[PDB]
Amino acid sequence: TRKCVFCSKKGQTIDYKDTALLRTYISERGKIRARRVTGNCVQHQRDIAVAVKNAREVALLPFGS
Amino acid sequence: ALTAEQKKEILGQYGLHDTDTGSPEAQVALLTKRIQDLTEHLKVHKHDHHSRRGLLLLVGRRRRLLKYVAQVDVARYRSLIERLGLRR
Amino acid sequence: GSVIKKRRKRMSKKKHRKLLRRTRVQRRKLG
Amino acid sequence: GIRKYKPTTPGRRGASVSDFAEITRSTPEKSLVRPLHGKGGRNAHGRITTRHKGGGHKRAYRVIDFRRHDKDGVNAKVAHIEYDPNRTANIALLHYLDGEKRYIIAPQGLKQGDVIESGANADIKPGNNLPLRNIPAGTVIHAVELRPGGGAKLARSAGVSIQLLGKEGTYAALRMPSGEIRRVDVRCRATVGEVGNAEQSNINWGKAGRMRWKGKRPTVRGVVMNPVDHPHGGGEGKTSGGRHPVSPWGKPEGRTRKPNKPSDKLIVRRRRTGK
Amino acid sequence: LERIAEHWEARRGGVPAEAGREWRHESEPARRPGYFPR
Amino acid sequence: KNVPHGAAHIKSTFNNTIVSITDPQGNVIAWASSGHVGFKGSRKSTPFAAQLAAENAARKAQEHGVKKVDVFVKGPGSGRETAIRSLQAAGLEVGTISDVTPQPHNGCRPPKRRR
Amino acid sequence: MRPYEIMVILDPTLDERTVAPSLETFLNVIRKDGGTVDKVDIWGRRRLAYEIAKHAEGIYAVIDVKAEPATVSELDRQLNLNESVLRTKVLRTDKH
RNA sequence: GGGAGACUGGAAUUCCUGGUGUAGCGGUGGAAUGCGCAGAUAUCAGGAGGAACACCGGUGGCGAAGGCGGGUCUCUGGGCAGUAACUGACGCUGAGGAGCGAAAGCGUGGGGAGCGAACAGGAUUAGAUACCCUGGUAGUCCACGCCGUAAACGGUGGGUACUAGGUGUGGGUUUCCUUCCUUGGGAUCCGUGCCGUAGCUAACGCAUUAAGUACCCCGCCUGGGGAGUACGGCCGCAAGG
């Protein structure tokens, strides 16, 4: 299918501060993209979702623009 | 649960030799410390039933270990009971 | 299992509960 | 808390007493005690102007510092928490660092040994007193002034608190314990926290004797009087008063606040009933 | 006569209704675009 | 007044459609409703009634000096696209389309299902 | 003595040159408590995704701190009391 | 998403205030009660409050079961893998007994936006103590306690060993293709599904997660109604169990 870019040897750590790394993972509506269309493992999907929520809380990402 | 430091000092106090971790005395001492910590935790959170179930499990395990010690040698059982301040 | 048995049991239970409701004060005063 | 009496006598069946757990001393401070005598509900003419008063235990007045405005920047330590017969709340005895002792109504959660500061530079811990301008919006306050210098008037009963809604201009909007929303000048000072002894309302007094100790005389219903005494009086057998309910002086029920008061402009919305 | 009623109370349960639900014989067919959804 | 640029808010529910041409600052200058053009009851949930209401509102804004509008569509789809087309067909240039439908993040309790 | 990361948003009105000293006085509670350490970083004047307390602009700050759980709560409580702080957030940079 | 506590965020509903703004809005299979012309619905700004946490999010995870997903912090329970350092049978089951136990309900004190038993109208109907519509109180929410029941179900008690495979998926260790990026592939341990042998079953089906082959301990059944009812007892504030 697709590639879990976070399990790789160059898998960048997931943060709620790096906004672009998360912007690549939310749809144009600001919703969190599903795991299948993304392809990452369940642990990394949970990390992505938690980071997105944290970033929304500190007004780094829109709450569904 | 307990961190490594309390585990080591308790084991040094109650371990039969300087290596054993699975002797009934060591297991009972560790269980006693864990039970006291859990009791003080549950004094504040009275509605943490899930942790209370784990407390019950620990109490049962300690009871079984003390039963084994008493059936093996009553002198060790009396010594441990008086050293740890337990009733029965 | 057929729901017929459940229906018979439920009609019995419903009738008994109705009877209990109809004689609450009488039972309380006799006991 | 609340201690419940066992039904040993018919007068103690459902009764309960306050559990004086926060009290740390059974005597008042001698230098802060003033004499108090009962009036019997009678004014300067010797006439009963308030019914159902008289009798009751002797009590002495403790001077309460409702005007905490001179000890700005001077810290105090909570020395004791005491019982006050003149109010539902308890009082805390403060030891100021300069050597002065005072009384304040004890806020909720205050403990012996705490540190109480006051002024614009104080923290927002319970018991601290600062002008409303320096108190952030949304906090819970008590013992609020009405004019800048008149002393605390609002939110003084046990368990009662005021919620500070927001400040605009020179006015801060507050939500009274009654639910009424009011505006007050920001220069008015207030104390942070709720008032303690919040469970005192749940006390079952048990017998008429306790109310007589508290200084309440029995109340006679107007329907069992004669028409010369009460508008509801008269009639053979029991009756409902034979008319719309009225006061003993004939005034009918309804709003009694005087219209066009000067304070009508300072009130956002009055309290509500039946909602 | 009970089975014959045919007034509104008799046929309110049979009305296909069920918006996008309970496919019935007279249920409204779904409108379909010319192009594939993708 | 003379507002050359404006906003059109279309609310299409399951039994009505409300059009209100609005000054970009949020002030309403001309509104038309599905029942305002002579329909009533179940008749006003039809796309044709939405078309009539949209055209009526478009005219009532056009004599007010409104030439260019942006549309904020909203509500379950009943006559939304017909309303947009009738807005364009009545001499109004429709620039941008935005679907602003209030989407709760799982908040209040919905009413019970009908049977 | 656990490592924390504390992100604060300060209102945009105040001068950016006074942010660095003003924070340092705020972190005096963690410094004096139990021999703790900070690494204060500033990247301010960034527009918010949504309006916060009638503000669209904001000055972001990131503080990396290693203190006692009681200490950091005390620092957090003071920060929210201050009116120059719009919002704040405390993370544990441990495995949590 | 195991549990408890504290603090906190945004969307939306409701209401209040103020603009713009007019004559309808709302609701249905179709309508009428209802709301509005005293300025409603719509639209914009501001404010208060409560409850639930969209996307992630599934036949995926955790928990003994009931059950558990907005965020952060504090405190805390269990599980799995590897090493195998330690004790050396300390195991299993468990009558009675104790604890936990959805929802509804009960008590005391708060709170109450939405939803909403009861209750009011409207409609349908031969009749509507209903279905549908408009309102709407308890309740739903919080704290502290009672209750102790469910289609509390996998309608399958717990422990252990053995008996063809094939294929998904969750957690962890490791050899070999080796770019070593790659679900590369294999091996192994622990879960969780689907299909399928032998075997079992009245049949349906189950089938290495057994309803197969066996051993230990517990619970329960003995035709259908009467009846999980009467009498007695115990428990409970009561409902009732």
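Throughout, protein chains are lettered first and strands after them, A, B, ... in sequence-line order, and every chain is numbered starting at 1. As a basis for the values below, the full set of heavy atoms in this structure was taken, side chains included, without hydrogen atoms, waters or symmetry mates.
Side-chain polar atoms of B:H41 and B:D48 form a donor-acceptor pair below 3.5 angstrom. Looking at G:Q78 and G:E74, their side chains do bring a donor and an acceptor atom within 3.5 Å of each other.
Figure legend: A:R33 and A:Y25 shown without cation-pi pairing, the cationic atom not lying both under 6.0 angstrom from the six-membered ring centre and within 45 degrees of its axis.
Contact annotation: C:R28 side-chain N/O to H:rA239 OP1/OP2 distance is under 4.0 Å. Regarding contacts with the backbone of H:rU229, every side-chain N or O of C:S12 stays at 4.0 angstrom or more from both OP1 and OP2.
Here the side chain of F:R115 is nearest to one of H:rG240, H:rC131, H:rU43, namely H:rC131.
Nucleotide H:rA210 is shown with a syn base, its glycosidic torsion being within 90° of 0. H:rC215 has its base anti relative to the sugar, with a glycosidic angle deviating from 0 by more than 90°.
Between H:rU173 and H:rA12 there is no Watson-Crick or G-U wobble pairing whose two distances both come in under 3.5 Å. By the Watson-Crick or G-U wobble test, with both distances required under 3.5 Å, H:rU43 and H:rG136 do not count as a base pair. Between H:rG111 and H:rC181 there is no Watson-Crick or G-U wobble pairing whose two distances both come in under 3.5 Å. Pairing check for H:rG223 against H:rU17: the Watson-Crick or wobble criterion is not satisfied at the 3.5 Å limit. By the Watson-Crick or G-U wobble test, with both distances required under 3.5 Å, H:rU174 and H:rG186 count as a base pair. Taken together, H:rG135 and H:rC147 fail the test for a Watson-Crick or G-U wobble pair, since the two needed distances are not both under 3.5 Å. For the criterion of Watson-Crick or G-U wobble pairing, both bonds shorter than 3.5 Å, the nucleotides H:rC146 and H:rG105 count as partners. Taken as a pair, H:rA161 and H:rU213 qualify: Watson-Crick (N1-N3 plus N6-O4 or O6-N4) or G-U wobble (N1-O2 and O6-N3), both under 3.5 Å. With both distances under 3.5 Å, H:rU140 pairs with H:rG114 in Watson-Crick or G-U wobble fashion. Under a 3.5 Å limit on both donor-acceptor distances, the bases of H:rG67 and H:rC62 meet the Watson-Crick or G-U wobble criterion.
The CZ atom of D:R269 sits 12 Å away from the P atom of H:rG49 (whole-angstrom rounding). Look at CD1 on C:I4: it is 14 Å from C1' on H:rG224, rounded to the nearest Å. When the P atom of H:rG225 is taken as reference, atom NZ of C:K6 falls 13 Å away, rounded to whole Å. Taking atom CD1 of residue D:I2 and atom P of nucleotide H:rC144, one finds them 18 Å apart after rounding to whole Å. Rounding to whole angstrom units, NE2 of residue B:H50 and P of H:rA64 are separated by 9 Å. Straight-line distance from the NZ atom of F:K60 to the P atom of H:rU20: 19 Å, rounded to whole Å. We find that CZ of G:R87 is positioned 14 Å from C1' of H:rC7, with the value rounded to whole Å. Atom pair F:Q103:CD and H:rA11:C1' shows a separation of 9 Å (rounding to whole Å applied).
Shown here, H:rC7 forms a base pair with H:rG71; the pair counts as Watson-Crick or G-U wobble because both key distances fall under 3.5 Å. Nucleotide H:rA102: unpaired (no Watson-Crick or G-U wobble partner with both distances less than 3.5 Å). H:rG29 is unpaired under the Watson-Crick or G-U wobble criterion, no partner having all donor-acceptor distances under 3.5 Å. Under the Watson-Crick or G-U wobble criterion, with both distances below 3.5 Å, H:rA143 is paired with H:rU108.
Both C:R27 and D:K275 lie near RNA chain H, and the one whose nearest nucleotide falls closer to the 5' end is D:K275. Between F:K1 and C:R21, it is F:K1 whose nearest contact on RNA chain H lies nearer the 5' terminus.
In this structure, B:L58 reaches the sugar-phosphate backbone alone: every heavy-atom distance under 4.0 Å involves primed, P, OP1 or OP2 atoms, never a base. Among the protein residues, G:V90 comes within range of the sugar-phosphate backbone only, with heavy atoms under 4.0 Å from sugar or phosphate atoms but none that close to a base. Within 4.0 Å of F:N16, counting heavy atoms only, lie sugar-phosphate atoms of the nucleic acid but no base atom.
The pair F:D99-F:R80 meets the salt-bridge criterion, since a charged nitrogen lies less than 4.0 angstrom from a carboxylate oxygen. With respect to B:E25 and B:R76, a salt bridge is recorded, a charged nitrogen being found less than 4.0 Å from a carboxylate O. Taking a cutoff of 4.0 Å between a charged side-chain nitrogen and a carboxylate oxygen, G:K89 and A:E57 qualify as a salt bridge.
Base stacking between strand neighbours H:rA84 and H:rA85 is not detected by the criterion of six-membered ring centres within less than 5.5 Å and interplanar angle below 30°. Under the 5.5 Å centre and 30° plane thresholds, the six-membered base rings of H:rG69 and H:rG70 are judged not to be stacked. Base stacking is present between H:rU173 and H:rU174; both the centre distance of their six-membered rings (under 5.5 Å) and the plane angle (under 30°) fall inside the limits. In this strand, H:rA123 stacks onto H:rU124; the six-membered rings sit under 5.5 Å apart at an angle under 30°. Both conditions, centre separation below 5.5 angstrom and plane angle below 30 degrees, do not jointly hold for the six-membered rings of H:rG148 and H:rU149.
The furanose ring of H:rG105 falls on the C3'-endo (north) side of the pseudorotation cycle, as its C1'-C2'-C3'-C4' torsion is above zero. In H:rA104, the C1'-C2'-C3'-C4' torsion is positive, which places the sugar in the north family.
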(request) Determine, step by step, whether F:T13 and F:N15 satisfy the side chain to side chain donor-acceptor pair (under 3.5 Å) criterion, reporting the C-alpha distance in whole Å, the side-chain angles of both residues, the deciding distance to 0.1 Å, and the verdict. (result) CA-CA 6 Å; F:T13 91; F:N15 14 9; 3.2 Å; yes
(request) Please assess B:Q6 against B:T3 for the test side chain to side chain donor-acceptor pair (under 3.5 Å), listing each intermediate value before the final yes or no. (result) CA-CA 6 Å; B:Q6 310 112 281; B:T3 90; 2.2 Å; yes
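With centroids closer than 5.5 Å and planes inclined by less than 30 degrees as the test, F:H105 and the base of H:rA54 pass as a stacked pair.
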